[PDB]
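Q: Sequence, then structure. It's an experimental one.
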Amino acid sequence: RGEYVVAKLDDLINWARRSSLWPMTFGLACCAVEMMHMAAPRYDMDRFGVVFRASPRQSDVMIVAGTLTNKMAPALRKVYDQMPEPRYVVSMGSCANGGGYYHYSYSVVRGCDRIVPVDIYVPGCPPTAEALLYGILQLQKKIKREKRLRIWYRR
Amino acid sequence: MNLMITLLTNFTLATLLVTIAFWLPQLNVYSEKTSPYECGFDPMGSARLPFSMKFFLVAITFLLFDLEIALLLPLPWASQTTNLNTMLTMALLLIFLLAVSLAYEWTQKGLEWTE
Amino acid sequence: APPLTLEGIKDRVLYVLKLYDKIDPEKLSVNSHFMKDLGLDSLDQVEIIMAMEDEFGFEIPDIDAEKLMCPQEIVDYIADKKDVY
Amino acid sequence: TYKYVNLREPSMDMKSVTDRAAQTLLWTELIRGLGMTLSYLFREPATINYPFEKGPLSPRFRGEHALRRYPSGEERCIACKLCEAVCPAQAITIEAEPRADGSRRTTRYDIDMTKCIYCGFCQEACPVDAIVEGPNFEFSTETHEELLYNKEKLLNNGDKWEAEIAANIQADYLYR
Amino acid sequence: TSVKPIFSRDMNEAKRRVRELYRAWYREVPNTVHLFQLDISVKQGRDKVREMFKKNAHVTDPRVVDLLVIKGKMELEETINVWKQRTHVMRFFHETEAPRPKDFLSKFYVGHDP
Amino acid sequence: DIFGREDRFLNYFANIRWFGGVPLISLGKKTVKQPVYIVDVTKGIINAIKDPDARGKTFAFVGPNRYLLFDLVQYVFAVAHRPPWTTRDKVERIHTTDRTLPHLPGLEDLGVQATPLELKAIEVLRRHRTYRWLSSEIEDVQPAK
Amino acid sequence: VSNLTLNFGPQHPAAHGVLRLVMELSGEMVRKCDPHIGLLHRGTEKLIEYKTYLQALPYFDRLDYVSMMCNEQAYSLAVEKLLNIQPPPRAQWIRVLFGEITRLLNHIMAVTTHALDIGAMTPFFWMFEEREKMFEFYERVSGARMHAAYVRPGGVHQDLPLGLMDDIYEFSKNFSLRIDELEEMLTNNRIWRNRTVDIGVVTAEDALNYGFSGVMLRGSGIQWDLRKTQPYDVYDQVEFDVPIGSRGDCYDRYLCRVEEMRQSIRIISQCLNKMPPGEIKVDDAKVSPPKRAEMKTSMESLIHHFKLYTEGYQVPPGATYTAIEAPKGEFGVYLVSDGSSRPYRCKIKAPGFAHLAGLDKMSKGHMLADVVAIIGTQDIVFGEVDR
Ligand SMILES: CCCCCCCCCCCCCCCCCC(=O)OC[C@H](COP(=O)(O)OCCN)OC(=O)CCCCCCCCCCCCCCCCC
Ligand code: SF4
Ligand code: SF4
Ligand code: SF4
């Protein structure tokens, strides 16, 4: 029986792949500062293995923080669009998660769903660094149950 | 021959690791291919290029200064002979000559780097 | 391509007009008036004369270009604009 | 008043320029000063383990939007529309049909936590203190659906913790 | 009625300047459609250009004409350069606008007083 | 055969050019085919779904004009230039030849326009060196059409 | 032909906001730079026209998010000024306190992020720890972390929780030690200095024509301040002194920001010594809501509550321009009020919107690798610039 090997290896590539998950910080607006406080020493990211590094090609997952204007949106989807095929999007802040304090006028896009698909919505304005961190952890716990390979085994 | 075995190995592990690194990502669980890649328009990063003489000149002076460096390289063998006078004379002479080249190029408009 | 000729410039202009598809080469004569005979628009004129630059031509400014309106005016304008015979 | 910097006379006199050739040349200030003030390393870093430890907060902190009710719960909300009226994101909805008893409550009381900026205005405006910003920040829903709250979800949020909110309000009502 | 006209006193020079502008566009349609790698044939793009001119053809006041020309040389001034991505240049075309029924009993059949 | 961006047909022909150069044309000719572009198909489905009198009526889709021979292969291979599967299930699949029966509501009987191959083919193909639009010399098989 | 056209980059790891940029250059030298701003533009000023004064205030919080209580102070001073009200003294003092605290924030950010951009991974960390202590203050004060208003027209509301000023004192005690630790971290570093010495200088009159107001005018000649010349509140009284510099060199501007942090410590101190125990909000029931004890049990308090929330206080018509000193320089809002509840037209003034327009001249003389430092040196937030 090889399905034991299947599930174990799943927990291997999954275990590691989630344990690191170092993203890129898109950081449009005042949610970006709070994110940096998640990178500050007190709430520090590194303990959890998340690394701070900037490039869409190295990017494991993406954090959309700040308000997404019409003018920025296409560039955003390009940054999404050159990325390692396994990828995840975490929407930070009331703005990007469905329009926040604006949701109106014109230039602002309403939600980041209308641009790219999204996984973890973390509300707050800004979401307290603890809350954002809880969002990343919950993303990890979405990575646990991926069970991606044994359905490639088609059983 | 021994170090040549070391080169055969060290070239293998390079090759092997490269191969593994190509297989596994396109051996991965699901590989999906869509997005267009626009080589396309000239201003994406930079635009065109008017390649500038400065860098090339740095390659050049890297040559001349190499030549003088390797011409100087055997000295540790030569520092011991039965003619010391001539030794000091032409070693100090030679690398002094290197420093003369540098001093000249440092006097003319060369380098200076803001242009 | 020697020093240019009447027959040359005429065959060229009539030629490029015939390559132009929007006009119907049913009856197209050197004496024709575009919007009158062929029913074109000033916009069409501008585009045409632009082709008169890109092939052959090349010299045309606007104030000269507006008043052409007939292929023989193209003929004579390019002619005297370049070479007397 | 003006107290200005960098306007000074660098001494080209001797014993200054000694330490200037020493300074440019030997990197003492760079080495000593910097390398040592990083060798300041040994101080116990400030990091907190978030699952197992949590940073400080305040009784006035603003969490998520729990509705409250009286002892012997009446649905403390009167429907009076204020919390909706002062919402700077406009995100609230109130429709109130007088119920069986003749008293008035809300049929649909909604919030978009997406749109919500977490002011605190709806916490100030409620005459009876029906809605209060919770202590708990508990979030990270997986769908844009799940961030929209019915009157029902806000109630159940209120039932999940009150004596919490009762402790906060009972603490700070002297300030408001 | 007084006024401070802009670049032209009469509709004559207006017509002149708009002729200039249309020359510019008809120059740079191929260079752009090749430049952003659009899927449109140059003929088609040019046709949409002259269409967009024809939409406003009914204007009279040469102040308005001149101002529209400023709009045109402005947008063309953005497309001649790369400042506008593939997106917007496509956004002139409407592919993702669903076809709108313009015939009555189809409109009545659905829209209930559009 | 349905044709589009991520599809399995024409992309497959673009990727079959690799070593050995024996995709098909073993006996040559014998293959008439009319690929149809995808958005025409899906618009076919949406009109079929929201339009009455599309029920209980079976019919098919048709590539409007092209109706190509194997000259397709060398065409789509010509344009876009040049850089787990299965057996005769697959190659006999793609080698299946027919347009079958004329009388069945084709397209307009469902009321939607048809798209010739060219432009969309450019769009999906992309690749090459991208720097010259050129011409590409349309195949225009239309044998016996 | 030669030249080039290069473009921006999406983020440095700390990036606050994104610009594009187009610089026509020569070989590793920039002849022409033309920043494209307006990338992040959320259209606040159109929104404010649709929302009453009490509602539109968080906009004036988060238009410039880094410095916050300052912007609060700007809009509040505008509505008070136009509305003929004075806040009670204790309100003014608290407002000053958190004003200079906020200034300590925006300065420590500007400096540290200016380091992280250039190199120097660590000082960002050391100091933003203390910044986290600062937000630890806000969370007690206003009941939230960053954007929480805690400022109104007619004075602040919800005075400090009992035991706050102790913590304020304790931070203010050794902040001096820590900022001096930064001064050994830098300032005689041959690297940081020798990277920014003469880059992007400015002539005083030139800065005046380009309208720079802030650490710009400070560090380059032309001694000027709004704090000193046009005192807008009790911030007049407390003693302190502003720095200047004579080299106009962009290094002077740095050191001026530092010394403004230190002076901010002085002002915080004296403020802690001078605090009167008067009250929070003004006493006029129609400008600002009553506290709940009076709200209940008393009729007129209830009415003014209810209406003052639904409709909001009405402001007489007039056109005002108020200007304060915000850590990015002179900040101000121009209010236009129809006699009404809502405002009508209010355009904020972003110092970054001015300073940014100066890159054309300032960056004319130095290659792009230091155009980095040219942008980062003048405190700028592309959330504030656009609006
Ligand atoms: C009695 C008999 C005769 C005896 C004769 C003896 C004579 C001795 C006289 C002194 C000998 C040399 C001393 C060392 C010289 C090294 C080179 C030097 O001086 O560099 C300085 C240089 C100055 O920089 P700058 O001012 O920008 O340039 C001037 C240009 N006009 O550049 C700099 O300052 C910048 C360099 C910064 C490098 C990055 C930071 C490095 C930090 C760590 C450095 C220390 C590492 C120590 C080693 C580790 C373990 C191996
Ligand atoms: S959600 Fe709030 S804190 Fe975040 S970007 Fe929007 S306004 Fe700023
Ligand atoms: S905190 Fe949320 S629900 Fe309350 S007034 Fe503000 S945006 Fe509206
Ligand atoms: S202000 Fe309070 S009582 Fe009034 S409608 Fe809102 S929650 Fe209900």
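A: Thanks, I have the structure now. Residues are numbered from 1 along each chain as shown, chains lettered A, B, ... in the order given. Ligands and ions are numbered 1, 2, ... in the order given.

Q: Excluding chain neighbours, give the residue nearest to residue D:136 in space.
A: Closest residue to residue D:136 apart from its sequence neighbours, by CB to CB, 6 or more residues apart in numbering or on different chains: residue D:63 at 5.0 Å. In short, each C-beta sits where N, CA and C put it, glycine included.

Q: Report the separation between the one you found and residue A:42.
A: Going from residue D:63 to residue A:42 by CB to CB, to the nearest Å gives 20 Å.

Q: Repeat that for residue G:302.
A: Relative to residue A:42, residue G:302 is positioned 44 Å away (CB to CB).

Q: Need phi/psi at the closest residue to residue E:16 other than its chain neighbours.
A: Nearest non-adjacent residue to residue E:16, counting by CB to CB, 6+ apart: residue C:62, 6.3 Å away. Main-chain dihedrals, residue C:62, degrees, to the nearest 10: phi -80, psi -50.

Q: How about the one 4 residues further on?
A: Note on residue C:66: backbone dihedrals following degrees, to the nearest 10 are phi -60, psi -40.

Q: how many neighbours does the closest residue to chain A within chain E have?
A: Relative to chain A, the nearest point of chain E is residue E:87 (4.7 Å; CB to the nearest CB). Neighbourhood size, residue E:87 [other CB atoms under 10 Å in any protein chain shown]: 13.

Q: Can you tell me the element it falls in?
A: Using DSSP states H and E, residue E:87 maps to helix E:86-92.

Q: Same question for residue G:346.
A: Element membership for residue G:346, per DSSP H and E: strand G:345-349.

Q: And residue G:302 and residue A:42? Which one has more around it.
A: residue A:42 (20 against 15).

Q: give me every residue that touches residue D:41.
A: Residues near residue D:41 by CB atoms under 8 Å, 6 or more residues apart in numbering or on different chains: none.

Q: actually residue D:79, sorry about that
A: If you count contacts by CB under 8 Å, 6+ apart, residue D:79 has them with D:94, D:96, D:104-106.

Q: swap in residue G:42?
A: Taking CB under 8 Å, 6+ apart as the test, what residue G:42 contacts is A:67, A:69, A:102, A:105, A:107-108, G:386-387.

Q: Identify each buried residue in stretch G:25-37, please.
A: If you call a residue buried by 16 or more other CB atoms under 10 Å in any protein chain shown, then stretch G:25-37 has these buried ones: G:25, G:27, G:29-30, G:33, G:35, G:37.

Q: From those, pick the one nearest chain F.
A: residue G:25 (24.4 Å).

Q: thinking residue E:22 is in contact with residue C:42, fair?
A: No. Under the criterion of CB atoms under 8 Å, residue E:22 lies out of contact with residue C:42, with a separation of 9.6 Å.

Q: okay, these two: which has more neighbours?
A: Neighbour count, other CB under 10 Å: between residue E:22 and residue C:42, residue E:22 has more, with 19 against 15.

Q: State whether the more buried one is indeed within a strand.
A: No. Counting by DSSP: H, G, I helix; E, B strand; the rest coil, residue E:22 is located in no strand; its state is helix.

Q: wait, what's in contact with it?
A: C:43, C:46-47, E:49-50, E:53.

Q: Restricted to helices, list these.
A: Judged by DSSP state H, the subset of the contacts of residue E:22 located in helices is C:43, C:46-47, E:49-50, E:53.

Q: what's the most distant pair in those?
A: Spanning the widest gap among the ones in helices among the contacts of residue E:22 are C:46 and E:49, at 12.0 Å by CB to CB.

Q: anything in contact with each of those two?
A: Common neighbours of residue C:46 and residue E:49, using CB under 8 Å, 6+ apart, are E:22, E:26.
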